[PDB]
Structure formats: C-alpha cells, structure tokens
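Below is one structure, written out as structure tokens, with a few remarks after it.
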Amino acid sequence: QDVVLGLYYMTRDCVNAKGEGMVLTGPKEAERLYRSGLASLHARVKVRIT
Amino acid sequence: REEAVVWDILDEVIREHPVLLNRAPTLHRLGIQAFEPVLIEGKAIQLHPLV
Amino acid sequence: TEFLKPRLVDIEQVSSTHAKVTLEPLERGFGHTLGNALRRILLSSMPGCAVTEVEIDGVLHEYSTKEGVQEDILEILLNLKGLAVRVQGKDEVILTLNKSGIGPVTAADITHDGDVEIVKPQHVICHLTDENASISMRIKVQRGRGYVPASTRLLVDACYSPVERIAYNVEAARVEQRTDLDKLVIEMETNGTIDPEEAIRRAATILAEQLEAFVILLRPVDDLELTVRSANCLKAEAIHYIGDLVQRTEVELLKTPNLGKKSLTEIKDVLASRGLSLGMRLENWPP
Amino acid sequence: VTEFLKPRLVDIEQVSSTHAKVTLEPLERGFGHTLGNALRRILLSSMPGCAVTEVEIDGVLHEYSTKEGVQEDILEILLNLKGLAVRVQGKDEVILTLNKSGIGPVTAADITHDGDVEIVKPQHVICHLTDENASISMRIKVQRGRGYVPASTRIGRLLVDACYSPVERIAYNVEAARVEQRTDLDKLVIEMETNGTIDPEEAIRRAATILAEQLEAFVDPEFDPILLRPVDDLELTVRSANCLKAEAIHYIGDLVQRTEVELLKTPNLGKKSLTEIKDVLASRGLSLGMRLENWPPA
Amino acid sequence: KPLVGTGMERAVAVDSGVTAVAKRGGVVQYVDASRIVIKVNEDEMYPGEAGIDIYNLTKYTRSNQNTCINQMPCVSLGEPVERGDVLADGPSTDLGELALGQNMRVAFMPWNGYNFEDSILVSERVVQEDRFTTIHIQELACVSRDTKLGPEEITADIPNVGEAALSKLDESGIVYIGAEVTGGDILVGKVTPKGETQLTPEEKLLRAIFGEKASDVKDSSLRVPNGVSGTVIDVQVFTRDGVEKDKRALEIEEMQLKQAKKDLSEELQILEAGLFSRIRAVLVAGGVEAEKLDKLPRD
Amino acid sequence: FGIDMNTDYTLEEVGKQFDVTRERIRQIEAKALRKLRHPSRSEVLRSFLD
Amino acid sequence: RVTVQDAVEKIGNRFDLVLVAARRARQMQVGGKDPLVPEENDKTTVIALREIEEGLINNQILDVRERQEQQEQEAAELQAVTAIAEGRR
C-alpha cells in the first residue's frame, strides 16, 4: 500500500523540465538539493553516487 | 495503587523480553509471531505494517 | 506556566565528522518545530567557503577532456566541489595548483597559502596518466551561504553550507509524569571544516539573533440532600448554609431541641462525603 | 560576512476585536516559512489563557442533574461555561459569582463585576431561566494554564474541560517586502483569530520568547515509613487532631515522640483525648514516648 | 444532523418515539429541562371541554446497551407549533433530524503510515470541542442473601477498611449520589459470614503483634471494575418485605413521596391554569366582569 | 503460637518448661512482642494485613 | 534481531542453539554471572545468545566446564566424603 505509493511517487519518469541537468556531486549533495528547492516528484538528473 | 517508580520498574522487567501476538484465524504459523514490546499509553496494541 | 527545557544529552559519533546529538524531553510538537527551524537554518544559513570558479590551462569548455588526465573535466569540477577549505578572514581566495608527474593530484599539491587551510589534503582532484602530463589551474574559493548552483545567473556548483545532509526523527521521549513528550534526534552529515556541535550552536545563534527584537461554604444546606427532618431541624437552629453547619460541633448540635444521633451521624456522613466536617474553623465569618 | 537582517513588529491590522494581522518587516528569504511554522506551532498550543475549571451551582450535585426552572440541563450549562472567555489581570485563579433571577437568558454580563476580571464577550449565554420564580446562584472557578486540559485529567462540585489556549486559528503569508535596498527581503504576515484574551504583539513576543528559550544553546533505608504520615491518617477526633496540630504535631513521628506528661500539660488536651490517642496509636503498634533517635534526616 | 442527508432523517426521528411531538396545533406555555407544557387550540381551536397538555421528558435514562437516552426541548415559551411539529429531540437527533454522528472536515491523503490499511488519524481539536464524545450509564448490582452461616448484610461497617475507602459511603453502606468513583472504589458495602478457619501460626503471631483481632465476617462489597469509573447518578434499594428497614429504605422513599407530591402540584397547576383560562373567556361573554372576576378566589 | 510442635502451649506450660513463674514468662512474652512491634525493624512484617 | 543468523551459524539446526542458550541462561541465573565477555546488557537470554555468537559458550565447552565442575564438586568432599562412607560399614 502506502509504501509502494510513496516509492513509486519518488521513483517516476517525468519530462522534468524544472529540475533537469544537475550533477549530483554524489547522493549526499543530491539529497540536500532535493530537499532544498528545484526538485519535485524526482528529476531527470544524473547522479554521481559511487 | 500504581505508585510512581512502579512504571520504571515495569520497564526494567520487560527488557529484552518478547511477547507473542496472535490473530484468529491462525491459518499458518505466522498467525503467531514474537515481538519486543514497547510500552505505550493508550488501550490499543500497535502492530507493525509489514507483518 | 513553565515548560520542560534542557534535560539529558547524548552524542553518537558515527564517525570523525558525522554525529548524532539528541536533546531530550522537549514538549510534544517541539520536535518538528525545532527540527524544521534548524533544518532550515543549516541548509542555507551556515557560513562556509566553497569553490565557485576554476581556470585550467588548455581547457575551454566543460565538454573538453584532457591529454594526460584520467578523468574528464566534468569529473574534475565534480571533484573540486568537494574541496573542503577553511580561510582566515576573506570572502575570496585564489588557489594555484601546479602538478606534473604520474598519479593522483590531491588537495595537498595546491600551493600552500598562508591564510588558506586545507581540511582534507588527501582529497583527490585529478589523476595524471603519463609522466609528461601536467595540470596548472586557478581554483577560486569564495565565502557564502547555502547551496548556490553554477546555473545561478568555468563555473562550479557552490556548496557554501559546510553541512551536506540533515535528517531528523521525533521519537517519543521517556521523561517523568507528562508522558507525551518527544525528543528531537538530528542526524548531521558535515564536512569536517566545521564541527557538528558548533554548527548546531551557530544555527541556533542565527535563529535566536533573528528573534532578538521580540524578546462551598455559602451554599444552602439543601444542597447536602439531608433528610427533610435534618434539614428542617438545622434551619430551625438558624443553620441555613453549609458554612453555618460546618461551624457547629457535635456536642452543640446534640444540645439543640430537635436533632438526635441518627441525624448527627447522617450530617457527619454527608459532610465527610464532600470533604467537610463539624467543628471547622474558617476564622472570619463572614466578610 | 553580511550580517543578517533582523525582523521587528511593524504593523498591526485589527480586522476585528479578536482577529488581527501582524507583520514582521525585512526578513531574508526562506525565513518566512521557518518563523511562520515555529510561531504557528507555539501559538496554536503554547499560549497562556484563563479557562473555567470548576463550577458550583446551587441545588445541583451531579452534572447529570437538570434544574427546576432552567431550559438547558447542567451538562449543557457546563458546556456553555467552557466557552466563557475571561481575561484576568495578574492571578492564576479567580472565583466568579453568578446570581440571576427572572425569565430570559443568563449571559456572562450577569456575572458579578470583579475589578480584575475582564469579560470578553458579555453577551455570551450561560443559561436560560424559564419561569419568573426560577433563579441560579453559581460559583465559577477560572484558572490560568496552558493547552487543553480535560476534566478527566483529575465533593458535591463539578469539573469542566479546560481549554486554556487563547487562540483558535493561525494563518501566515510570506509576501515579498518592499524597500529598494537589498531587494531580496520578505515580510511575515501572521493572521490571528484569538478569543480576545491576548494582544497580537504580546502573543508574538511570547511565541518568540518560548522559541528562544527552547534554544538555550546546546551543551555537551531503615525506619518505619508510617512516621512521615500526617496525623490525619490516624483518624482521631477533629478536636484531638486540631489540638495536636496546634501543638506543632503534624505527623505521626512528631506524635510518638511526645509523652503523656507533656501532652496533658498542653492547654487543650484532657484525659479523654489522651486515652483516644493512646488507643489509636496502640492499634497500629505505636505508642507515646517512642524514641526514634534521629529526628529527622534530610 | 449530517450536512449531506437523504431526506429520510426526519421521518426516522419521527416514527421512533424518542422525539416528542405536538398532538394538535397550539402554543407552548412552559419549557423546562424536565418538562414541556403546551397549550392547545391556537389553530382551529381543537381542544374543547378543558385545555392543555403536559409532556414529561425522559432525562439521563439508561438503555440496554448502557448508552444514555435523554430528550431535550427544541421549543421556547410562547412559540407557535402546528400538528406533528417537533417539540423535543431524542438521543442522536438534531432538530428532528437523525444525528448518528458528526460533520467533520476531512482530507483524503496518506499520512506517515498512520492511516495505513484503513486506520484513521484525527485532530486533537475534536477532543477539544468534545466531538465524538459519548455519554454512558452503567448499572451495577449487589445482593445480600440469607446464608447457612448467617445473613449477608449491606453495611458501612467493613473489616479492616480505612475511612478513606469508606468516605463516599452513606450510613447504609451505599455510595452517595454525585460521588466520583474509580476502579477499586466501593459502590455498595457488604459483609458475608466467613466459612471460617483458624489462621496459620505465623498469622497468629502477626495478628497478635498488631492486635487487630479477627472478625466473624469477610468483606464481600461490590467494587468498581478495572477500566471503569464515573459519577454515581442513581441508587435503587429493595429490602425484603417486613424486613428491618433503616435509613436506606427510608430516605429514598421519602424522596419519592416528595417527588410524587410535586408531580401532583404541577399537574393541578397546569390543569387549573388550563381550565380556568377557558372558563373565563366563556364567563366574560354575556356577563362581562373584567376588574371584578380577577378579585375573588378562583374556587 | 504453635510454631514448635503445632500446639499453642499454655503460659503455665511454657513457664513450667523454663523453670520460671508464669509472671516471668508473661514478662518475657511482653518484652519479646515489644521488640517485635517497635518502629525499627517494623517494616516488612508490617502492612501485611491490607 | 541480534544478528541471530550468525548465532545459528555457530550452531547448526537452529533448535540446538535455543537449548544451549536456555541452559546457559539457567546457569547464569543459578550462580555467578561470570562467563565470557560482558556487554552487560539485555538480560540472560540476550547475553547468552551474544556469548554464543562469539563462539564463547559452545556445546562441547559447556559440557567440559560442567565435567570440570563435577571434579570441583569432587573437590571438598573427597577425603571428608570418604570419611562419611568409610565410617559406615
């Protein structure tokens, strides 16, 4: 139920016009920025995580 | 009487101890499982969503 | 008219630069309140130095890749983002990095500037493949606040805040009678330029400094529901209120013409049932 | 190194007697929601207000009773008393007297005018006296406190659920603040809907005070127990107990230390009383002239 | 009543007799928590040969399932009502409409797993405003019977009990109306004859040391069960016919006699002011005596 | 009290057993009980009744 | 929880471990906590299981300790126990 709903919501393909084109500097910086601003319902951005 | 420090004592008692939870009908063995009890205010048993 | 403030502290050092401090017994709802206030200060109002620009010789656009360097320019800028630097008293310093040879070009190879302190000298910035390969670059380090991407207006994503990640949990606190108290557990992931505790005390200091400018006796005997007889007898003795009754003593009441021990017993029972008795002094009857 | 721009209460727009719009000027971005939520959270639960906690109605014993000459039942009356909005000067408990005879509604305006006590809504209906020979006489206890403290959170009197918090609703807006300098400033507009107990500015300074005070930095069997029971636990006659208390004998430990000689020498104690005291003490394995040698410890 | 109804909620309240309605057109003479007096003949003058009707209201009654059944007046003195008009609301009814619950502001959305699998999350404000608070009356009962070992007695005198425990009990041993009782508290004091046995020698010694002296009787009193509590709103006592009756069966009796007598005075008041106010309009017609009739006694 | 032999011997019997007068045995019974009852050590043994 | 899979790894066929744990706990309860290292928390069952995890207790080793303990019981007694038996004939 809800868990799936949550995960699916955060893991969804999108046009992603708002948050596209960001190098994550790794999962940590990506997380910061994601909570921050410009990222909503995920984004089409490449992440640096090892 | 419920005199204070009885509570903290009860906390000391259940430490590391586990209780069995069961729901009828018990169709398979997972109808009964063991959990570590966390004392809570209120009259309801709180169950973990994954089980 | 108080509130439960500072009580019992715990510190879980997950590592040399990652800790978990816990402030215990904060009144319910204060978990998210302090959690969000602090999470908001930490994620944007912390003071830290960060790489904002880089000038590498021979390189023009981020699409370039370098002759004699393992990783492409993008990966190099990506490495430069993680350059942890602590500068004395300036809002901009130029670091020069000249390196020829084979192997990793770390932050320790950066030209030693007197003001500039390099937190992690073993921080790899590059990897020169051949022994005739060499890099010469000017890394710009500026002081600022929060995460300011390169897209803002070579340029490199600025992570001015010294803190990488914030997390919080509300968890029910123990604490004596009150029971519905919580404890805010803040998970911090800093870069070691700044200590966790001082980052917290600086966030708190910024917040507080932002708030610096806003800193039964008169009831009738009938309410006792005595027997009709007892009530009438008491009224006959000019005892019309509870206050009048509680002043009389057993001896005195038994001396009055119409009340007996059955009745007196009744009066003591009904009075005792309400926390009252006979022979009560109120010393000041009345005002 | 640019020092932060701090806020200060700049405007107060009283939309009504109990609805206002407070505005803090020149706040750096993102601080709108931060202070907005911190403050909204303090205001909606940590505000101090007066509330009715007990009520003593004449003739009524249990709240389930219904009254001869009163339209609504006692329960409805207590429920009405819950909504009694009172602002008291400087006290944590005040008794209000309400005497009313006649036909028609008995409102808060009929409550005996106390100098300290301010009644926010005098037209607030507490009762409805039906016949013209009907009348109510009640003593409403109003106390100062915090949050919602139900009657269940525990004498011929009744208890009423305490709703101490003065504020009903809070709302906020972030809105870009003016001034050509810096340009990147906002202004927090807090819309308040209180019950009229508290002023906007002091509510803000109190929310802020609670916030700031939460942030106060971050730093890093022997002997018999019966001896400490009050003499009332012995269940003596009223007279004997009062005499003993009059002799500074408030606990069993105090009593068992005295001797018969000493007790009879007191102005108010006779042979009858001493006999009673020896009887009740003997009934619990105690006596007079008991040495406990070490009175007391801490 | 629900903000969204089907239009059947009035008829249900009407057909179930919990709600009180007016038999004929009339005017409301009196409104009380206890009763409603209605004066008929306002429209079409249906009542004849005496006038008016008194409706007593059920108040804080206890149902089979322990819920409280009570009626509340929906009308005010001097109000004009027609035939079939609502007078009093019964339990779970609002202005003659069926009220089985409350209208609450709801949002449809997941919340931190607290509404997982049909579970529901609520605002503390509901408790604050006493929404979904329910009144309940429980009935407890005790019997004192003849035993082969001697009579069970209902008495305030119980072995080895402090005055603290006995504080809310009257002379008889029965808890007084209005007292707050909590789990373990005594409702009705009762002693039973002991089947009896000599104690163990250790107990002999203990008893001797503390000199309590044993008693022929054992404590059998009715106590409030765990998880229960409240305010005592009634006591009923029945004693064998021609049995020795004490204050227990005398006080309640006397109270019932006072209530019945008042129940006659109110009915004769309503009947008097219900018939004479009709004979006056008849006497005036023809033999007009305004300032003269309002002097001499009503009889 | 019958802790020995299960029989509550008379004061005269115990007194005869110890070669002392009944008054003596009553006196030592009384001081024994006195020692027992006094507030020191009273805890534990006390409060047993309810 | 407590890395139970590893504890079971120390003693094949789950069941046996339980008995061992139980027996060990009884020992703990009966006399002197003693034993192997000493997290000192979460009572006898957790302590026994954790002890098992570091292969501290062992099925055979417990038996060896008991066998030695039997010899310890032999100690004292011995000549004095032999006295009680030699006296009677």
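The first chain written gets the first letter, and so on, giving A, B, C, D, E, F and G; residue counts start at 1 in each chain.
Just so it is clear, contacts are C-beta pairs under 8 Å (C-beta built on N, C-alpha and C of every residue); 3 or more make two chains touch, one makes a residue touch a chain.
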| item | value |
| --- | --- |
| Centroid-based (C-alpha) most distant chain relative to chain F | A |
| Chains most often in contact, by C-beta pairs | C-D |
| Averaged-CA centre spacing for the pair chain C and chain A, given as whole angstrom | 27 |
| CA centroid of chain E to CA centroid of chain G, Å | 67 |
| Distance between chain centroids, defined by C-alpha means - chain D, chain G (Å) | 60 |
| Inter-chain centre distance, chain F versus chain G - centres from mean C-alpha coordinates, in Å | 47 |
| Two or more partner chains touched - positions in chain G | none |
| Sequence positions of chain A contacting 2 or more other chains | 3 |
| Junction residues of chain D - those touching two or more other chains | 61, 156, 285 |
| Residues of chain A touching chain C in the complex | 21-23, 25-26, 28-29, 31-33, 35-36, 48 |
| Complex interface listing, chain E residues touching chain A | 110, 113, 115-117 |
| Complex contacts: residues of chain D adjacent to chain C | 1, 4, 6-9, 27, 30-31, 33-35, 37-38, 41-42, 45-46, 48, 56, 58-61, 92, 144-146, 155-157, 204-205, 208-220, 238-239, 242 |
| Partner chain C, residues of chain E touching it in the complex | 156, 163, 167-171, 176-177, 179, 247, 250-251, 254, 258 |
| Chain B residues within the chain E interface of the complex | 49 |
